[PDB]
file run.csv (CSV, N, CA and C atoms)
chain,number,residue,atom,x,y,z
I,1,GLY,N,144.1,160.9,50.9
I,1,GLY,CA,144.3,159.9,51.9
I,1,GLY,C,145.8,159.8,52.3
I,2,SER,N,146.0,159.1,53.5
I,2,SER,CA,147.4,158.9,53.9
I,2,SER,C,147.9,157.5,53.6
I,3,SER,N,147.2,156.5,54.2
I,3,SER,CA,147.6,155.2,54.0
I,3,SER,C,146.4,154.4,53.4
I,4,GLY,N,146.7,153.9,52.2
I,4,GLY,CA,145.7,153.1,51.5
I,4,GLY,C,146.1,151.7,51.2
I,5,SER,N,145.8,151.2,50.0
I,5,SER,CA,146.1,149.8,49.6
I,5,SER,C,145.7,149.6,48.1
I,6,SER,N,146.2,148.4,47.6
I,6,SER,CA,145.9,148.1,46.2
I,6,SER,C,145.3,146.7,46.2
I,7,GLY,N,144.1,146.5,45.5
I,7,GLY,CA,143.5,145.2,45.3
I,7,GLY,C,143.2,144.6,46.7
I,8,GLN,N,142.0,145.0,47.2
I,8,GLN,CA,141.6,144.5,48.5
I,8,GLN,C,140.1,144.0,48.5
I,9,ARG,N,139.8,142.9,49.1
I,9,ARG,CA,138.5,142.4,49.2
I,9,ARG,C,137.6,143.0,50.3
I,10,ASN,N,136.5,143.6,49.9
I,10,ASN,CA,135.6,144.2,50.9
I,10,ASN,C,134.4,143.3,51.2
I,11,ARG,N,133.8,142.9,50.1
I,11,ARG,CA,132.6,142.0,50.2
I,11,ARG,C,132.5,141.1,49.0
I,12,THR,N,131.7,140.0,49.2
I,12,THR,CA,131.5,139.1,48.1
I,12,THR,C,130.0,138.8,47.9
I,13,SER,N,129.6,138.6,46.6
I,13,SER,CA,128.2,138.4,46.3
I,13,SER,C,128.0,136.9,46.1
I,14,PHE,N,128.8,136.3,45.2
I,14,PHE,CA,128.6,134.8,44.9
I,14,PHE,C,129.0,134.0,46.1
I,15,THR,N,128.7,132.7,46.1
I,15,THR,CA,129.1,131.8,47.1
I,15,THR,C,130.1,130.8,46.7
I,16,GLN,N,130.9,130.3,47.6
I,16,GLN,CA,131.9,129.3,47.4
I,16,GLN,C,131.4,128.2,46.5
I,17,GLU,N,130.1,127.8,46.8
I,17,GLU,CA,129.5,126.7,46.1
I,17,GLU,C,129.3,127.1,44.6
I,18,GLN,N,129.0,128.3,44.4
I,18,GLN,CA,128.8,128.8,43.0
I,18,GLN,C,130.2,129.1,42.3
I,19,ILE,N,131.1,129.6,43.1
I,19,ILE,CA,132.4,129.9,42.6
I,19,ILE,C,133.2,128.7,42.1
I,20,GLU,N,133.1,127.6,42.9
I,20,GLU,CA,133.8,126.3,42.6
I,20,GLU,C,133.4,125.9,41.2
I,21,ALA,N,132.1,126.0,40.9
I,21,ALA,CA,131.6,125.6,39.6
I,21,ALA,C,131.9,126.6,38.5
I,22,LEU,N,132.0,127.9,38.9
I,22,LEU,CA,132.3,129.0,38.0
I,22,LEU,C,133.8,128.9,37.6
I,23,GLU,N,134.6,128.4,38.5
I,23,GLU,CA,136.0,128.4,38.3
I,23,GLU,C,136.4,127.1,37.4
I,24,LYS,N,135.6,126.1,37.6
I,24,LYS,CA,135.9,124.8,36.8
I,24,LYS,C,135.5,125.0,35.3
I,25,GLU,N,134.5,125.9,35.1
I,25,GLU,CA,134.1,126.2,33.7
I,25,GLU,C,135.0,127.2,33.1
I,26,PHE,N,135.7,128.0,33.9
I,26,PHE,CA,136.6,129.0,33.4
I,26,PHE,C,137.9,128.4,33.0
I,27,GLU,N,138.4,127.5,33.9
I,27,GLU,CA,139.7,126.9,33.6
I,27,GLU,C,139.7,126.2,32.3
I,28,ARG,N,138.5,125.8,31.8
I,28,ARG,CA,138.4,125.2,30.5
I,28,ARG,C,138.2,126.2,29.4
I,29,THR,N,137.2,127.1,29.6
I,29,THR,CA,136.8,128.1,28.6
I,29,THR,C,136.6,129.4,29.2
I,30,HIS,N,137.3,130.5,28.8
I,30,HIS,CA,137.2,131.8,29.3
I,30,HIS,C,135.9,132.5,28.8
I,31,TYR,N,135.3,131.9,27.8
I,31,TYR,CA,134.1,132.4,27.2
I,31,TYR,C,133.1,131.3,26.9
I,32,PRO,N,132.4,131.0,28.0
I,32,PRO,CA,131.3,129.9,27.9
I,32,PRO,C,130.1,130.4,27.1
I,33,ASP,N,129.9,129.8,25.9
I,33,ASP,CA,128.8,130.1,25.1
I,33,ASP,C,127.5,130.0,25.8
I,34,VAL,N,126.4,130.3,25.1
I,34,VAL,CA,125.1,130.2,25.7
I,34,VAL,C,124.8,128.8,26.2
I,35,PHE,N,125.3,127.8,25.5
I,35,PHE,CA,125.2,126.4,25.9
I,35,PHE,C,125.9,126.1,27.2
I,36,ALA,N,126.9,126.9,27.6
I,36,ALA,CA,127.6,126.7,28.8
I,36,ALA,C,127.0,127.6,29.9
I,37,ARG,N,126.8,128.8,29.7
I,37,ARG,CA,126.2,129.7,30.7
I,37,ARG,C,124.9,129.2,31.1
I,38,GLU,N,124.1,128.7,30.2
I,38,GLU,CA,122.8,128.2,30.5
I,38,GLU,C,122.8,127.0,31.4
I,39,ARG,N,123.6,126.0,30.9
I,39,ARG,CA,123.7,124.7,31.7
I,39,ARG,C,124.3,125.0,33.1
I,40,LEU,N,125.2,125.9,33.2
I,40,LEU,CA,125.8,126.3,34.5
I,40,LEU,C,124.8,127.0,35.3
I,41,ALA,N,124.0,127.9,34.7
I,41,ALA,CA,123.0,128.7,35.4
I,41,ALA,C,122.2,127.8,36.4
I,42,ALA,N,122.0,126.6,36.0
I,42,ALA,CA,121.2,125.7,36.8
I,42,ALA,C,122.2,124.9,37.7
I,43,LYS,N,123.4,124.8,37.3
I,43,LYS,CA,124.4,124.1,38.1
I,43,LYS,C,124.8,124.8,39.4
I,44,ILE,N,124.7,126.1,39.3
I,44,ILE,CA,125.0,127.0,40.5
I,44,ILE,C,123.8,127.8,40.9
I,45,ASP,N,122.7,127.7,40.2
I,45,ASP,CA,121.5,128.5,40.5
I,45,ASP,C,121.8,129.9,40.3
I,46,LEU,N,122.4,130.3,39.1
I,46,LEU,CA,122.7,131.7,38.9
I,46,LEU,C,122.1,132.1,37.5
I,47,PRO,N,121.8,133.4,37.4
I,47,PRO,CA,121.2,134.0,36.1
I,47,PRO,C,122.3,134.0,35.0
I,48,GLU,N,121.9,133.6,33.8
I,48,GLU,CA,122.8,133.7,32.7
I,48,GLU,C,123.6,135.0,32.6
I,49,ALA,N,123.0,136.0,33.2
I,49,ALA,CA,123.6,137.3,33.2
I,49,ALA,C,124.7,137.4,34.2
I,50,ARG,N,124.5,136.8,35.4
I,50,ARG,CA,125.6,136.8,36.4
I,50,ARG,C,126.9,136.2,35.9
I,51,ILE,N,126.7,135.0,35.4
I,51,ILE,CA,127.9,134.2,34.9
I,51,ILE,C,128.7,135.1,34.0
I,52,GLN,N,128.1,135.8,33.1
I,52,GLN,CA,128.8,136.7,32.1
I,52,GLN,C,129.7,137.7,32.9
I,53,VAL,N,129.2,138.3,34.0
I,53,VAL,CA,130.0,139.2,34.8
I,53,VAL,C,131.2,138.5,35.5
I,54,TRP,N,130.8,137.5,36.3
I,54,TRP,CA,131.8,136.7,37.0
I,54,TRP,C,133.0,136.4,36.1
I,55,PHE,N,132.7,135.9,34.9
I,55,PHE,CA,133.7,135.6,33.9
I,55,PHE,C,134.4,136.8,33.4
I,56,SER,N,133.7,137.9,33.2
I,56,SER,CA,134.3,139.1,32.7
I,56,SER,C,135.4,139.6,33.7
I,57,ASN,N,135.1,139.8,34.9
I,57,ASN,CA,136.1,140.3,35.9
I,57,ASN,C,137.3,139.3,36.0
I,58,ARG,N,137.0,138.0,35.8
I,58,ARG,CA,138.0,137.0,35.9
I,58,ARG,C,139.1,137.2,34.8
I,59,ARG,N,138.7,137.5,33.6
I,59,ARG,CA,139.6,137.7,32.5
I,59,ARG,C,140.6,138.8,32.9
I,60,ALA,N,140.2,139.8,33.6
I,60,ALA,CA,141.1,140.8,34.1
I,60,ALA,C,142.0,140.3,35.2
I,61,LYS,N,141.6,139.3,35.9
I,61,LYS,CA,142.4,138.7,37.0
I,61,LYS,C,143.4,137.7,36.4
I,62,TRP,N,143.0,137.2,35.2
I,62,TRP,CA,143.9,136.1,34.5
I,62,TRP,C,144.9,136.8,33.6
I,63,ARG,N,144.5,137.8,32.9
I,63,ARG,CA,145.4,138.5,32.0
I,63,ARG,C,146.4,139.3,32.7
I,64,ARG,N,146.1,139.8,33.9
I,64,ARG,CA,147.0,140.5,34.8
I,64,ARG,C,148.0,139.6,35.4
I,65,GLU,N,147.5,138.4,35.9
I,65,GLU,CA,148.3,137.4,36.5
I,65,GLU,C,149.3,136.7,35.5
I,66,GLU,N,148.7,136.1,34.5
I,66,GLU,CA,149.4,135.4,33.5
I,66,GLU,C,150.7,136.1,33.2
I,67,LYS,N,150.6,137.4,33.2
I,67,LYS,CA,151.8,138.3,32.9
I,67,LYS,C,152.9,138.1,34.0
I,68,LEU,N,152.4,138.3,35.2
I,68,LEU,CA,153.3,138.2,36.3
I,68,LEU,C,154.2,137.0,36.2
I,69,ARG,N,153.7,135.9,35.6
I,69,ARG,CA,154.4,134.7,35.5
I,69,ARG,C,155.4,134.8,34.3
I,70,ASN,N,155.1,135.5,33.3
I,70,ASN,CA,155.9,135.7,32.1
I,70,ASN,C,157.1,136.6,32.5
I,71,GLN,N,156.9,137.6,33.3
I,71,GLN,CA,157.9,138.5,33.7
I,71,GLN,C,158.9,137.8,34.7
I,72,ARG,N,158.4,136.8,35.3
I,72,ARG,CA,159.3,136.0,36.2
I,72,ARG,C,160.0,134.9,35.5
I,73,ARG,N,159.4,134.3,34.5
I,73,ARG,CA,160.0,133.2,33.7
I,73,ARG,C,161.5,133.5,33.6
I,74,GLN,N,162.3,132.4,33.7
I,74,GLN,CA,163.7,132.5,33.5
I,74,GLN,C,164.2,131.6,32.4
I,75,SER,N,164.6,132.1,31.3
I,75,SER,CA,165.1,131.4,30.1
I,75,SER,C,166.2,130.4,30.6
I,76,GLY,N,167.2,130.9,31.2
I,76,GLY,CA,168.3,130.1,31.6
I,76,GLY,C,167.9,129.1,32.7
I,77,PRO,N,168.6,128.0,32.7
I,77,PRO,CA,168.3,126.9,33.7
I,77,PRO,C,168.7,127.3,35.1
I,78,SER,N,167.8,127.8,35.9
I,78,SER,CA,168.1,128.2,37.3
I,78,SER,C,168.4,126.9,38.1
I,79,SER,N,169.6,126.4,38.1
I,79,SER,CA,170.0,125.3,38.9
I,79,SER,C,171.0,125.7,40.0
I,80,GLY,N,171.0,124.9,41.0
I,80,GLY,CA,171.9,125.1,42.1
I,80,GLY,C,171.2,125.8,43.3
call {"tool": "encode", "arguments": {"input": "run.csv", "output": "structure tokens"}}
result
Amino acid sequence: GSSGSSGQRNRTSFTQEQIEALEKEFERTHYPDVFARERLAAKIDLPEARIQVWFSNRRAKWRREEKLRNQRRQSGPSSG
């Protein structure tokens, strides 16, 4: 190819209504046990299997990002 790109959104499966709940559970625990995936399954009307995935891909988006912040962190007091 000639002109491409990196990390682009083409289509989405889940819904904002389901994501909002999936993000709230992730911000607390990156690995929601069966007691979490099950309870949430009915909270967003999703299969205990789906949650596992959504959370899986997330880890890759968190581990990759979290770093970007560490590489930017500035020990010295950036004042002025």
call {"tool": "atom_distance", "arguments": {"input": "run.csv", "atom1": "CA of residue 51 (chain I)", "atom2": "atom N of residue 71 (chain I)"}}
result
29.2 Å
call {"tool": "residues_near_point", "arguments": {"input": "run.csv", "point": "(126.0, 134.5, 38.8)", "cutoff": "7 Å", "atoms": "only N, CA and C atoms", "output": "list in words"}}
result
residues 14, 45, 46, 47, 48, 49, 50, 51, 52, 53 and 54 of chain I
call {"tool": "residues_around", "arguments": {"input": "run.csv", "residues": "region 55-60 of chain I", "least_positions_apart": "3", "cutoff": "9 Å", "atoms": "only C-alpha atoms", "output": "PyMOL selection string"}}
result
chain I and resi 22-23+26+30-32+50-52+63-65
call {"tool": "atom_distance", "arguments": {"input": "run.csv", "atom1": "CA of residue 25 (chain I)", "atom2": "CA of residue 69 (chain I)"}}
result
22.1 Å
call {"tool": "closest_residue", "arguments": {"input": "run.csv", "among": "I:18, I:74, I:29, I:8", "to": "residue 44 (chain I)", "atoms": "all atoms listed in the file"}}
result
I:18
call {"tool": "atom_distance", "arguments": {"input": "run.csv", "atom1": "CA of residue 43 (chain I)", "atom2": "atom N of residue 12 (chain I)"}}
result
20.7 Å
call {"tool": "select_by_dssp", "arguments": {"input": "run.csv", "residues": "chain I", "states": "alpha helix (DSSP H)", "output": "ChimeraX atom specification"}}
result
/I:16-26,34-43,48-72
call {"tool": "axis_aligned_box", "arguments": {"input": "run.csv", "around": "region 48-51 of chain I", "padding_each_side": "6 Å", "output": "JSON"}}
result
{"center_x": 125.3, "center_y": 135.5, "center_z": 34.5, "size_x": 18.8, "size_y": 15.8, "size_z": 15.8}
call {"tool": "closest_residue", "arguments": {"input": "run.csv", "among": "I:10, I:66, I:21, I:28", "to": "residue 42 (chain I)", "atoms": "only C-alpha atoms"}}
result
I:21
call {"tool": "decode", "arguments": {"input": "run.csv", "residues": "region 30-47 of chain I", "atoms": "N, CA, C and O atoms", "output": "compact mmCIF listing (two decimals), in the first residue's frame"}}
result
# COMPACT_ATOMS: atom_id res chain seq x y z
N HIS I 30 -9.58 -5.21 36.53
CA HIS I 30 -9.26 -5.57 35.15
C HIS I 30 -9.62 -7.03 34.88
O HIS I 30 -9.66 -7.46 33.73
N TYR I 31 -9.89 -7.78 35.94
CA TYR I 31 -10.25 -9.19 35.82
C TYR I 31 -11.45 -9.52 36.69
O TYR I 31 -11.32 -10.06 37.79
N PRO I 32 -12.65 -9.20 36.19
CA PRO I 32 -13.91 -9.45 36.91
C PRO I 32 -14.23 -10.94 36.99
O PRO I 32 -14.60 -11.56 36.00
N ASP I 33 -14.09 -11.51 38.19
CA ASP I 33 -14.37 -12.92 38.40
C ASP I 33 -15.76 -13.29 37.88
O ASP I 33 -16.49 -12.43 37.38
N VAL I 34 -16.12 -14.56 38.02
CA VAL I 34 -17.43 -15.03 37.57
C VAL I 34 -18.55 -14.26 38.24
O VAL I 34 -19.60 -14.01 37.64
N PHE I 35 -18.34 -13.88 39.50
CA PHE I 35 -19.34 -13.14 40.26
C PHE I 35 -19.54 -11.75 39.68
O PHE I 35 -20.57 -11.11 39.90
N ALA I 36 -18.54 -11.28 38.93
CA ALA I 36 -18.61 -9.96 38.32
C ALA I 36 -19.15 -10.04 36.89
O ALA I 36 -20.08 -9.32 36.53
N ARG I 37 -18.57 -10.93 36.10
CA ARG I 37 -19.00 -11.11 34.71
C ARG I 37 -20.46 -11.53 34.64
O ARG I 37 -21.20 -11.11 33.75
N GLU I 38 -20.88 -12.36 35.59
CA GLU I 38 -22.26 -12.84 35.64
C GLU I 38 -23.22 -11.70 35.97
O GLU I 38 -24.16 -11.43 35.22
N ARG I 39 -22.97 -11.02 37.09
CA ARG I 39 -23.81 -9.91 37.52
C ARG I 39 -23.91 -8.85 36.42
O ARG I 39 -24.99 -8.32 36.16
N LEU I 40 -22.78 -8.56 35.79
CA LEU I 40 -22.75 -7.56 34.72
C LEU I 40 -23.48 -8.07 33.48
O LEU I 40 -24.14 -7.30 32.79
N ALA I 41 -23.35 -9.36 33.21
CA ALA I 41 -24.00 -9.97 32.06
C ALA I 41 -25.46 -9.51 31.94
O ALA I 41 -25.97 -9.30 30.85
N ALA I 42 -26.11 -9.37 33.09
CA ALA I 42 -27.51 -8.94 33.12
C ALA I 42 -27.61 -7.42 33.22
O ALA I 42 -28.65 -6.84 32.92
N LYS I 43 -26.52 -6.79 33.64
CA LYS I 43 -26.49 -5.34 33.78
C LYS I 43 -26.43 -4.66 32.42
O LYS I 43 -26.95 -3.55 32.24
N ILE I 44 -25.81 -5.33 31.45
CA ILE I 44 -25.69 -4.80 30.10
C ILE I 44 -26.29 -5.75 29.08
O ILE I 44 -26.20 -5.52 27.87
N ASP I 45 -26.89 -6.83 29.56
CA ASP I 45 -27.51 -7.82 28.69
C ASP I 45 -26.48 -8.40 27.72
O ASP I 45 -26.69 -8.41 26.51
N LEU I 46 -25.37 -8.90 28.27
CA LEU I 46 -24.31 -9.48 27.46
C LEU I 46 -23.90 -10.84 28.01
O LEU I 46 -23.95 -11.10 29.21
N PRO I 47 -23.46 -11.74 27.11
CA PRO I 47 -23.02 -13.08 27.48
C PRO I 47 -21.71 -13.08 28.24
O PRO I 47 -20.76 -12.38 27.86
